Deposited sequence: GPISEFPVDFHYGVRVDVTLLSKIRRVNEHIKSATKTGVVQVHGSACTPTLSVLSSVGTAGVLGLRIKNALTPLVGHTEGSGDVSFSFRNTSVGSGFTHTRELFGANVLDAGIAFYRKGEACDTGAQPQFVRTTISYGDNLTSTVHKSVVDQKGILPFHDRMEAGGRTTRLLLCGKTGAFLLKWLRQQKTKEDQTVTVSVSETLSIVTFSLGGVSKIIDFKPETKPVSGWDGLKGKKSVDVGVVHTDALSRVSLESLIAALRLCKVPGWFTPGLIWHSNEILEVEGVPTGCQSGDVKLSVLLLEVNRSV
């Protein structure tokens, strides 16, 4: 019983390919998910990053369901690994392949997944079957649109690169916990590790803003919003990778957000104009 299938908009994925090539090593061992409404589900990839971080690439409107699916009108949630064990098959690698003509993903019994890839020469194809076994990993990203007032920071290229150079030169063989804090009194965020610190000041926006709109901005000055002092102590490896993964040239630039729920999020803030169906971020877990 073929309960649910979807056709993959490969043309859309091509335009987004650059984002996938930048995060590919981090997501090779990841989890691929198909979730949201049965009508227009989201395609997303997740994977751990360093000791306590979680990457999430989420692509809306890249899928069209096949007519005659049993379970409709409500939601959908299929979660599997993109690289099945033993295999030489990486879903996202092939979904984003350059020489890909068409692609589809089917589900059936919710324990099995079939991905069909059709290559350039209108002749070569691959049909990979596997198990849907990552039900524990939820699609917990394209959410929490309300609330607003959150403590967030957006650093420019110059400051952002300088912050990264500094971070990695503190790195050793073993991981360390970095405490990141934000002062509302002084408009300052400090990175503290071992016995050294990095201080960065920012211009706080008076006007009440939401998300990142109205903080760009990032030409030569560092901007931020803060309503309570914040303090987080996250994994250094996760931080480096997070800041490196969300810096996608011609696409995203890192933004830090302090969630009410102990979580520091590194988010790719769109620098361009063709990443509307895409969200990229890394949740840094409190250590």
Missing stretches, numbered from 1 on the deposited chain sequence and kept in order:
1-8, 118-127, 306-309
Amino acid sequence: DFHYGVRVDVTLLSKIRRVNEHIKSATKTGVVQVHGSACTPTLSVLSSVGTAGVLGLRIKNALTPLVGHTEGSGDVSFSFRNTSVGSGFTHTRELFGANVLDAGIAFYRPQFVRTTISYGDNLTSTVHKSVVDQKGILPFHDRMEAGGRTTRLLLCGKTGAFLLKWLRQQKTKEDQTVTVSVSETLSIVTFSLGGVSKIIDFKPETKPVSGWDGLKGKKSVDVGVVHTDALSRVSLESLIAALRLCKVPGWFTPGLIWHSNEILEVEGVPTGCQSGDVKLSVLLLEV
From here on, numbers count along this sequence of modelled residues.
Determine, for stretches 141-149 and 90-98, which one has the higher mean CA B-factor as deposited.
141-149
State which stretch shows the higher mean Cα B factor in the entry: 174-182 or 132-140.
132-140
Pick out which of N261, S232, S47, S44 has the highest C-alpha B-factor in the PDB entry.
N261
Comparing C-alpha B-factors across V127, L123, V76, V85 in this entry, the winner is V76
If you rank every modelled residue in this chain by C-alpha B factor, which third holds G255: lowest, middle or highest?
middle
Ordered by C-alpha B-factor within the chain, which third holds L55? Give me lowest, middle or highest, please.
lowest
Would you please rank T190 by its C-alpha temperature factor against the other modelled residues of its chain and give the third it falls in: lowest, middle or highest?
lowest
Assert third(CA B-factor, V209) within chain per record equals highest
Among all modelled residues of this chain, ranked by Cα B factor, put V34 in the bottom, middle or top third, i.e. lowest, middle or highest.
lowest
